[PDB]
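Working notes, beginning with the structure itself.
Any read-out appearing in this document is the output of simple, stated calculations on the displayed coordinates, not a laboratory observation.
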């Protein structure tokens, strides 16, 4: 499957913060559709799905911080 982890932060920043979980784990998704945003130093990035399937579960909650290699959730097998 595909495990989703947090991005790497520079020196000034030693962590990050989730942005907003548009959808939730346990629903349907479609490639080319936003899935979760991320918060960086001072810029909000976006995370789109690279293929439909079934999410597993999100361990981090919106408004929380995420460390490098932080597992935010995992993808399930499709088909």
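Normalising the Debye intensity of the chain to I(0), with uniform scatterers on Cα atoms only, and taking log10 at q = 0.23 Å⁻¹ returns -1.09. Subtracting the Cα-Cα distance of residue 8 and residue 32 from 0.36 nm times their residue separation leaves 6.2 nm of extension gain.
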